[PDB]
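Below: one structure, written as structure tokens.
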Amino acid sequence: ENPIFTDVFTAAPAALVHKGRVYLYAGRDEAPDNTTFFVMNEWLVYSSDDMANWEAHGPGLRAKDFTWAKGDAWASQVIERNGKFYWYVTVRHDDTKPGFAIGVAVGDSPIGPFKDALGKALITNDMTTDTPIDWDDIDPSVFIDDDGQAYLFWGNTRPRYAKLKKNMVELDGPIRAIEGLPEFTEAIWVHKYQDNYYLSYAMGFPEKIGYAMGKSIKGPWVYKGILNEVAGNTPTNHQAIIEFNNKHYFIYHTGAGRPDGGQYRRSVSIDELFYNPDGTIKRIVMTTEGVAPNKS
Ligand SMILES: OC[C@@H]1O[C@@H](OC[C@@H]2O[C@@H](OC[C@@H]3O[C@@H](O)[C@H](O)[C@H]3O)[C@H](O)[C@H]2O)[C@H](O)[C@H]1O
Ligand SMILES: [Ca+2]
Numbered sequence: 030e031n032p033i034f035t036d037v038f039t040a041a042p043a044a045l046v047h048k049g050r051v052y053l054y055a056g057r058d059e060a061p062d063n064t065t066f067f068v069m070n071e072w073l074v075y076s077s078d079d080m081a082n083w084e085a086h087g088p089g090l091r092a093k094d095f096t097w098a099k100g101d102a103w104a105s106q107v108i109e110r111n112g113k114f115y116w117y118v119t120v121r122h123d124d125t126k127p128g129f130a131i132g133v134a135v136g137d138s139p140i141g142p143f144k145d146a147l148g149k150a151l152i153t154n155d156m157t158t159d160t161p162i163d164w165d166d167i168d169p170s171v172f173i174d175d176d177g178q179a180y181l182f183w184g185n186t187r188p189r190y191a192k193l194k195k196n197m198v199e200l201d202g203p204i205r206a207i208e209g210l211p212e213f214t215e216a217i218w219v220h221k222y223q224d225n226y227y228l229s230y231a232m233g234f235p236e237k238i239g240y241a242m243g244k245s246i247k248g249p250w251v252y253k254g255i256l257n258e259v260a261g262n263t264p265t266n267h268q269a270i271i272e273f274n275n276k277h278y279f280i281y282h283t284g285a286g287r288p289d290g291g292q293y294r295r296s297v298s299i300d301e302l303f304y305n306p307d308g309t310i311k312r313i314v315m316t317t318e319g320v321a322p323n324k325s
């Protein structure tokens, strides 16, 4: 049943599949109410072999594990490459580079331990100055294309991407502005299914999830419509999409948890995702019941 975790508040889920298990990473909401602001210090890790029963692994990483960060364990994403696990995170940078930043940690296993892979930020606020806000450099998504080129996607208000080196911890080209995403807010997730690329994102505010399709990782991106309605009792809508055991899953968050779930006290949920024959995605139907076990 959704929400899937009832002893903690979890937000901004990311997932990956590794050796027949799905690993789920989420920020932990620790705000005492829904009237002040997000309080997030650490990210939690969970895993499942059936998408229904989840093992808790505990905190895999903390914002303070980056010596150059102030705190704020915001949206993050993990990807496997060459037997390692790279965890791209959003954190508030210390005063040396004011504003939010993207950092990267690395581990030898999906449950870590993880450590700062650079000793400094990968993206700092001052690298991107086409907007005056100091929270535009948040919410990273990393994708490795069929030719072996990795890309870092990110942004709030301004969607952007850049090539990553094969070492996964350095940029390898210019930062590009992404076009084709109407009402872009945040939460980019990129995935590929058959011969189409999909870029889904939080759209407008209060946030829906919209998406665009492209014939290449570079687009051009063609908006296809609404993937998720505004989520129950939350103005932020943050998604991850994965394939597991021949089904597709839409992992997201709501404010439907207890006690007093809400905008700063969120809860991860999961529902199934379905494709149309033309490659478009049916709009999600968010449900109390959630998904049935799907064991291999
Ligand atoms: O006002 C509408 C949209 O809100 C912002 O995006 C959503 C929020 O962005 C992040 O942080 C919220 C802001 O960042 C903090 O530094 C700033 O003080 C908060 O206002 C969260 O992910 C969302 O709540 C866009 O700026 C705007 O279009
Ligand atoms: Ca910036």
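For the sequence shown, PDB author numbering assigns the number 30 to the initial residue and increments by one for each residue that follows.
Backbone N, C-alpha and C define an ideal beta-carbon position, used for all residues, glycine too.
| Asked | Found |
| --- | --- |
| Through-space distance from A191 to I204, alpha-carbon basis | 5 Å |
| Sheet register partners of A40 (DSSP bridge) | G56 |
| Cβ-heavy atom distance, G128 to ligand 2, below 7 Å | yes |
| Euclidean distance between Cα positions of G308 and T39 | 31 Å |
| Bridge partners - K192, DSSP secondary structure assignment | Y180 |
| Nonlocal neighbours in the same chain, by C-beta distance under 8 Å from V46, ignoring five residues either side | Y52, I271, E272, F273 |
| 6 Å Cβ shell around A85 - same chain, five flanking residues per side excluded | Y75 |
| CA-to-CA distance, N82 to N31, given in whole angstroms | 12 Å |
| Minimum length 4: unbroken alpha helix (DSSP H) runs contained in the segment 115–158 | none |
| Buried or exposed by the 16-neighbour rule on C-beta atoms within 10 Å, applied to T153 | buried |
| Limits of the unbroken beta strand (DSSP E) element including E258 | From DSSP, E258 is part of no beta strand (DSSP E); its letter is neither H nor E. |
| Exposure label - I33; buried when at least 16 CB within 10 Å | buried |
| Bridge partner(s) assigned by DSSP for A85 | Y75 |
| Buried versus exposed call for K195 [16 or more other C-beta atoms within 10 Å across all chains shown] | exposed |
| Distance between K113 and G177 (C-alpha atoms, nearest Å) | 16 Å |
| Nearest candidate by alpha-carbon position, reference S105, set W116, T96, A285, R187 | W116 |
| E30 - containing beta strand (DSSP E), residue span | Note, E30: premise wrong, no beta strand (DSSP E); not H, not E. |
| Within 8 Å, strictly: CB atoms of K237 and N257 | yes |
| Contact test: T186 Cβ vs ligand 1 heavy atom, cutoff 7 Å | yes |
| Beta-bridge pairing of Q106 - partner residues as DSSP gives them | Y117 |
| Check: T158 C-beta below 7 Å from any heavy atom of ligand 2 | yes |
| Reference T317; option with closest CA among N305, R294, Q292, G286 | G286 |
| Residue burial classification, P169 (beta-carbon count within 10 angstroms, cutoff 16) | buried |
| Enclosing beta strand (DSSP E) for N225 [first to last residue] | 225–232 |
| Sequence-distant residues of the same chain with beta carbon closer than 6 Å to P139, five excluded per side | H47, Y52, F114 |
| The segment 88–99 in contact with the segment 123–133 per 3-pair CB rule at 8 Å | yes |
| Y230 vs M242 beta-carbon contact at 8 Å | no |
| Short Cβ contact (8 Å threshold) for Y252 with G209 | yes |
| Buried versus exposed, by CB contacts within 10 Å (16 or more), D155 | exposed |
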